[PDB]
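Line order of the protein sequences matches chains S, P, A and B. According to the deposited numbering, the first sequence holds residues 193 to 541, 562 to 598 in order. If you're matching positions, the second sequence starts at 78 in the deposited numbering and goes up one per residue. According to the deposited numbering, the third sequence holds residues 10 to 158, 169 to 239, 247 to 327 in order. According to the deposited numbering, the fourth sequence holds residues 12 to 158, 167 to 235 in order.
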Amino acid sequence: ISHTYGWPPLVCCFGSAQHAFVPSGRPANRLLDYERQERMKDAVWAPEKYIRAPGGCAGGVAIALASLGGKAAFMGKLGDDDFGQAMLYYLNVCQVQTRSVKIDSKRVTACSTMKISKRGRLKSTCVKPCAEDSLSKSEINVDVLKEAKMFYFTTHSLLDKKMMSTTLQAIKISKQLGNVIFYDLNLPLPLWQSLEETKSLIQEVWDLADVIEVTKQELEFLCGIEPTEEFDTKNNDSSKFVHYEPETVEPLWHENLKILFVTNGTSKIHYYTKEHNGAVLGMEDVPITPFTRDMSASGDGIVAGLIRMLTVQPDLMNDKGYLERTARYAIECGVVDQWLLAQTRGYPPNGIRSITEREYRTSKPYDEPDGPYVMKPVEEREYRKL
Amino acid sequence: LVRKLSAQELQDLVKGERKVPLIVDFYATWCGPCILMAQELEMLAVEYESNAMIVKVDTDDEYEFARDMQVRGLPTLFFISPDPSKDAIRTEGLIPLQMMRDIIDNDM
Amino acid sequence: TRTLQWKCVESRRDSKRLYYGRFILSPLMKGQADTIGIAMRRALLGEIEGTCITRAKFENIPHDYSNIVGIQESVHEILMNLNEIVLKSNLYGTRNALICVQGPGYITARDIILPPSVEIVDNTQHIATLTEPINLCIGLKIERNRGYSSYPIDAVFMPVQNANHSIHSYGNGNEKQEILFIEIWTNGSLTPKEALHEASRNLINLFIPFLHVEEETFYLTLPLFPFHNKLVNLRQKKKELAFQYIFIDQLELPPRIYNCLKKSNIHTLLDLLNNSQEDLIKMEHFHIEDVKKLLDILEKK
Amino acid sequence: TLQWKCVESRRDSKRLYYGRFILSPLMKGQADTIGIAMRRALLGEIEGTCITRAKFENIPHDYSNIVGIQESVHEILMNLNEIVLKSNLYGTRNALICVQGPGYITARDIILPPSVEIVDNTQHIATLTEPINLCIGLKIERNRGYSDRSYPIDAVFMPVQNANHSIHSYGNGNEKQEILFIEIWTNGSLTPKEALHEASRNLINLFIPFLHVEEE
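If you want it as structure tokens, here you go:
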């Protein structure tokens, strides 16, 4: 039925469809005009410590890709409960294809049964996994993989051993059908300790990936580079944004790897091919609120932008000019998505209370009768002598 | 009131016994959705004034304890029953208030 | 480093309340400079906000056209001097300030008691001249607004006095590149560079609403939650969910049928129902042999 | 809050799409600035795909008419100039027409490079009377509107055929409020709603550079 396949090529995003879920957060440096920040400090919210999250779940990337005019299908499992059906509704309205979504009447969305040990130090040892960890190999939609030209997945699908085998099966099937494999690291919280565990866990999927995207912090962690630059200092020194030479990332290279993308938020995106390497400057002075401070919207927007460009010109995966254009397009997509999320969520003042940025920048009258800015009676005046 | 606790205070609180369900809110200061989760939990705490206990643990301070509890991201809630035979429930992401009420009543 | 660069090529201080800046942006593709120039000019002249005194209250004054013993100026002249005072502030809301002085002497802008969110631009601006040791107390109101507007003071909030731009050919017709220059004049409440950045941010916030989801897209901070509450309400008083919220993705349609319906922008169950049996045949690759198998799935549903 | 909505949509034919959109509520003077910027972005800042060169193979003797072809060479070029295309191509690619003999040569008979698609398959190219083989090489480019025996084709890159904006003002006492309407006509290579989105993004990309900072 390849005569029925349209344009752009379908992209299969594989994993979990969570709601406002963050895998991890690392200290980061962003490009910023600190003269403006001092002038606007009383009106522009900034975090005390800038910590950036790599991104979100596979579901958010599918939603972001559909917003760019792409064609995205989400492959995963949701429960038949109300929350699972609400998430399925949200994906369909965002025009993500959910024919590859398995609805499980036996499993529960976003809830896992753990057996907490009360003998020594506390341990958890999950017993009954949630709905978005129980996709089986028999439940893989091979029809979606046949149409899809790119297969997207993240490390979160490798955490559960049952779910890891399904991810490996889906990847192997996709490679047989000539799909490009896009591996977005987005390293989950437990894996940031014991680098040796991380290498063993991701080694098999790493060698099967044609395109890999990592953050600058993730690249340093996998390469055994201890962070040496400063954090949260009011300058834009080039040591905070260093383009590593290709020899530094060679130990992570493998035979079938086409492109390696290294992200530093929307501030800077680095790219590495077998022949070419380079970097593109961006902009990360976007409106940020306490509800959006982890910058996970940018990460999903960046990856969606990369996927959109790589899929419409798949033969230009080694053209240096197209790579620079692709990196700049991803930066713009991340900036817009972060900017939109600030407007949607707003500021702190299901009981959830939010105010607009107009209300956030509204000061108090200072009309206190005891206060020094109003007209007191003639008694307490103290007319300041000229 | 939702109280901040360390890893040792929570161990003393889990090993001990109680007559109400215990909600543990793993969070970090840098996570936007965790701030939204804080607003939901304080509404829930008011609804169940004494019928439940809500505590929060900073995963940045207690990354070893967060890992040993198999916290894979934020926000993350643990619903711990006062009945020892019952097993706890781990929820991930920003879940609606009604699900918390269902968890507390039906299985906690 | 960047291919497209911008820079301030001249920044001049004519006086305390007259700032000049010239900026360059190059290289631009043909037509882009015209788009940026007119949008930037309109934003600079019409979208940047300022703050100034909106009204003044006098203590022992019959009307604003009388005279005060000990003041060289008249009450009407005082209001004009107040109207010309340049203030800066980033916050909104009606603020109040105070003038509480005893003469004789020169009342200037530095004699105003300002709330912590508001600042004076030019200290030397003249308010009144006192020729007698009298007591003068004047209440003030201050607002941050756009455009222009106790005795009211006709406030003109706009801080950008003038703007100009020019477009020049970069050179040989490689892509017919162009060079953009922007000139900005401000009153000192913000620098020309700051005005350039604020206009750019204001322009983005004017164009970005089209990138939000269309109105009435999600069922009505967290657009997922309201639909969940609908499901809880449906679970009680067992009602089932309407066909407009059921999508063809959840029907066990063959992939060839699914692609045809999506290609025709048929998304929900209700959209499929309103289509007749002749309309579906008009769609390519969907034939009469596919009607019975599609109807049977809907018959079984 | 500020929201947009599509109030009218219509598809007269495969190459005639109409859409009307609303943005409200806006403060005084904002709708004119948005409408002016959006219209300029819609008419020249949106990239379209067109045939820019044609090359008749088989050495057709360089005459004004070809044996077996009803239409002259110029008429074929005029017909090729009217074919509506859409694509995501970077740079320039080649297409090809290779028709055996008698019948109608239409856009359906164009062999397209990877990302290029045809909007109206029934668009006419040439009528072949004799069973001669016709082989025409085409040059396909994607460009903005404002930007060897091979005949050039003066293509006008305008996927948006027309665009207009109007403003309605409402008031209840001192409180003013204006509503912006935007009308978009496209040639079918893009929907009016898609054109609205690309114009907004292209405008935003034009003003992001002013917010750029430099490494120190």
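Note that beta-carbon positions come from the ideal geometry of N, C-alpha and C, so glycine has one too.
Original post:
Quick one, which of A:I186, A:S98 and A:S219 has its alpha-carbon nearest A:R51's?
Top reply: Taking the first residue of the third sequence as 1, we reach residue 51 of chain A at position 42. Closest option to A:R51, Cα to Cα, is A:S219.
**OP:** Note down, in chain order, each residue of its chain lying with its Cβ closer than 6 Å to the Cβ of S:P577, except the 5 sequence neighbours on either side.
**Re:** Residue 577 of chain S sits at position 365 when you count from the first residue of the first sequence. If we look at S:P577 and ignore the five residues flanking it on each side, it has no Cβ neighbours.
**OP:** Pair every Cβ in the stretch 311 to 331 of chain S with every Cβ in the stretch 142 to 152 of chain P, then say whether three or more of these pairs are closer than 8 Å.
**Re:** yes
**OP:** Compare the C-beta of S:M587 against all C-beta atoms of chain A and say whether one is closer than 7 Å.
**Re:** Here residue 587 of chain S refers to the residue found at position 375 when the first sequence is read from its first residue. So, interface residue.
**OP:** Determine the burial state of S:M306: buried for a count of at least 16 other Cβ atoms within 10 Å of its Cβ, exposed for fewer.
**Re:** Position 114 of the first sequence holds residue 306 of chain S. Under the 10 Å beta carbon count, S:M306 is surrounded by 16 or more other beta carbons and is classified as buried.
Original post:
In chain order, what residues of the same chain have a beta carbon less than 6 Å from the beta carbon of B:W204, not counting five sequence neighbours either side?
Top reply: Here residue 204 of chain B refers to the residue found at position 185 of the fourth sequence. Result list for B:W204: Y29, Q180 and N181, in chain order.
**OP:** Hey, could you find the ends of the alpha helix (DSSP H) S:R537 is sitting in?
**Re:** The residue labelled residue 537 of chain S in the question sits at position 345 within the first sequence. Looking at the DSSP string, the run of the alpha helix (DSSP H) that includes S:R537 is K512 to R537.
Original post:
Within this structure, are the beta carbons of residue 560 of chain S and S:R222 separated by less than 7 Å?
Top reply: Since the model of chain S passes from 541 to 562 in one step, residue 560 of chain S is not part of what is shown.
**OP:** For P:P152, go through chain A and note every residue whose CB falls closer than 8 Å to its CB, in chain order.
**Re:** For the purposes of this step, residue 152 of chain P is taken as the residue at position 75 of the second sequence. Those do not exist, as P:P152 stays about 13 Å from chain A at its closest Cβ, beyond 8 Å.
Original post:
What does A:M309 reach in chain B if we use C-beta pairs closer than 7 Å?
Top reply: For this step, residue 309 of chain A is matched to residue 283 along the third sequence. Those within 7 Å of A:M309 in chain B number zero; the least Cβ separation is about 14 Å.
Subject >> Straight-line Cα distance separating S:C286 from B:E56 >> reply: In the fourth sequence, residue 56 of chain B corresponds to position 45, counting from 1. In the first sequence, residue 286 of chain S corresponds to position 94, counting from 1. So the alpha carbons of these two residues sit roughly 27 Å apart.
**OP:** Give me the Cα-Cα distance between S:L260 and S:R291, rounded to the nearest whole angstrom.
**Re:** For the purposes of this step, residue 260 of chain S is taken as the residue at position 68 of the first sequence. For the purposes of this step, residue 291 of chain S is taken as the residue at position 99 of the first sequence. Rounded to whole angstroms, S:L260 to S:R291 spans 20 Å at the Cα level.
Subject >> Opening and closing residue of the beta strand (DSSP E) in which B:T205 lies >> reply: Translated into the one-based positions of the fourth sequence, residue 205 of chain B becomes position 186. B:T205 -> beta strand (DSSP E) spans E194 to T205.
Original post:
Got a sec, what are the start and stop residues for the beta strand (DSSP E) B:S188 sits in?
Top reply: As a position in the fourth sequence, residue 188 of chain B is number 169, starting the count at 1. Note, B:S188: beta strand (DSSP E), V179 to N191.
Original post:
Per DSSP, what kind of secondary structure is P:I100 in: helix, strand or coil?
Top reply: As a first step, residue 100 of chain P must be located in the second sequence, where it is residue number 23. Of the three classes helix, strand and coil, the one that applies to P:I100 here is strand, per DSSP.
Subject >> Nonlocal neighbours in the same chain, by C-beta distance under 6 Å from A:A42, ignoring five residues either side >> reply: On the third sequence, residue 42 of chain A is found 33 positions in, with the first residue counted as 1. Same-chain partners within the cutoff: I186, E197 and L199.
Original post:
Is S:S488 closer than 7 Å to S:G247 when the C-beta atoms are compared?
Top reply: Along the first sequence, read from residue 1 onward, the residue named residue 247 of chain S stands at position 55. Along the first sequence, read from residue 1 onward, the residue named residue 488 of chain S stands at position 296. Their beta carbons are under 7 Å apart, which means S:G247 touches S:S488 by this criterion.
Original post:
When you compare each of S:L533, S:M501 and S:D529 to S:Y521 by their alpha carbons, which one comes out closest?
Top reply: Working through the first sequence from its first residue, we reach residue 521 of chain S at position 329. Out of S:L533, S:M501 and S:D529, S:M501 has the C-alpha closest to the C-alpha of S:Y521.
Subject >> A:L91 to S:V527 span [Cα, whole Å] >> reply: Here residue 91 of chain A corresponds to residue number 82 of the third sequence, with the count starting at 1. Here residue 527 of chain S corresponds to residue number 335 of the first sequence, with the count starting at 1. Those two C-alpha atoms are separated by around 43 Å.
Original post:
Using a beta-carbon distance below 7 Å, is A:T247 in contact with chain S?
Top reply: Against the third sequence, residue 247 of chain A aligns to sequence position 221. So yes, A:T247 belongs to the interface.
Original post:
Distance, Cα to Cα, P:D138 vs S:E447?
Top reply: The residue given as residue 138 of chain P occupies position 61 in the second sequence. The residue given as residue 447 of chain S occupies position 255 in the first sequence. When only Cα atoms are considered, P:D138 and S:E447 end up about 41 Å apart.
**OP:** Can you give me the Cβ contacts of residue 160 of chain A inside the same chain, cut-off strictly under 6 Å, excluding the 5 residues immediately before and after it?
**Re:** Within chain A, residue numbering steps from 158 directly to 169, and residue 160 of chain A belongs to the interval with no atoms modelled.
Subject >> B:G55 in three-state terms, based on DSSP >> reply: By 1-based counting over the fourth sequence, the position of residue 55 of chain B is 44. Note: B:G55 maps to helix in three-state DSSP.
**OP:** Would you list, in chain order, the members of the stretch 89 to 116 of chain A that have their beta-carbon closer than 8 Å to a beta-carbon of chain S?
**Re:** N99, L100, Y101, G102, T103, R104, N105, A106, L107, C109, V110, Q111, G112, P113, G114, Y115 and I116
Original post:
Taking Cβ positions only, does S:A278 come closer than 7 Å to chain A?
Top reply: Within the first sequence, numbered from 1, the residue matching residue 278 of chain S stands at position 86. Cβ-Cβ to chain A under 7 Å: yes for S:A278.
Original post:
Terminal residues of the continuous alpha helix (DSSP H) containing S:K364?
Top reply: Stepping through the first sequence from its first residue, residue 364 of chain S is reached at position 172. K353 to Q368 is the extent of the alpha helix (DSSP H) around S:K364.
**OP:** Indicate the three-state DSSP secondary structure (helix, strand or coil) for A:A214 in the structure shown.
**Re:** What you label residue 214 of chain A is simply residue 195 of the third sequence in a count that begins at 1. A:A214 falls in the helix class under three-state DSSP.
**OP:** Please name the residue in B:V110, B:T12, B:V175 and B:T133 whose C-alpha comes closest to that of B:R64.
**Re:** Within the fourth sequence, numbered from 1, the residue matching residue 64 of chain B stands at position 53. That would be B:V175, whose Cα lies nearest to the Cα of B:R64.
**OP:** Select from B:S24, B:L54 and B:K39 the residue whose C-alpha is nearest the C-alpha of B:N183.
**Re:** Here residue 183 of chain B refers to the residue found at position 164 when the fourth sequence is read from its first residue. Answer by Cα proximity: B:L54.
Subject >> 7 Å Cβ cutoff met for S:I373 and S:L351 >> reply: Here residue 373 of chain S refers to the residue found at position 181 of the first sequence. Here residue 351 of chain S refers to the residue found at position 159 of the first sequence. No, the pair does not count as a contact, with Cβ atoms beyond the cut-off.
Subject >> A:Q111 to A:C146 span [Cα, whole Å] >> reply: Position 102 of the third sequence holds residue 111 of chain A. Position 137 of the third sequence holds residue 146 of chain A. Those two C-alpha atoms are separated by around 9 Å.
Original post:
What are the residues of the stretch 135 to 151 of chain P that lie near chain S, defined by any Cβ-Cβ distance shorter than 9 Å?
Top reply: Within the stretch 135 to 151 of chain P, the residues whose Cβ lies closer than 9 Å to some Cβ of chain S are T136, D137, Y140, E141, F142, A143, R144, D145, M146, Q147, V148, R149, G150 and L151, listed in chain order.
Original post:
Just curious, the alpha helix (DSSP H) that B:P36 is in, first and last residue?
Top reply: Stepping through the fourth sequence from its first residue, residue 36 of chain B is reached at position 25. Counting along the chain, B:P36 falls outside any alpha helix (DSSP H), though it belongs to the beta strand (DSSP E) covering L27 to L37.
Original post:
Thinking just about the alpha-carbon of each residue, which of A:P142, A:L287 and A:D173 is nearest to the one in A:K150?
Top reply: Position 141 of the third sequence, counted from the start, is the residue given in the question as residue 150 of chain A. Ranking the options by Cα distance to A:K150, first place goes to A:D173.
Original post:
Which residue from B:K39, B:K25 and B:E152 puts its Cα closest to that of B:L100?
Top reply: Numbered from 1 along the fourth sequence, position 89 holds the residue referred to as residue 100 of chain B. Checked all of B:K39, B:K25 and B:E152; the closest Cα to B:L100 is B:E152.
Original post:
Just by C-beta distance, which residues in the stretch 54 to 67 of chain B are closer than 8 Å to chain A?
Top reply: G55 and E56
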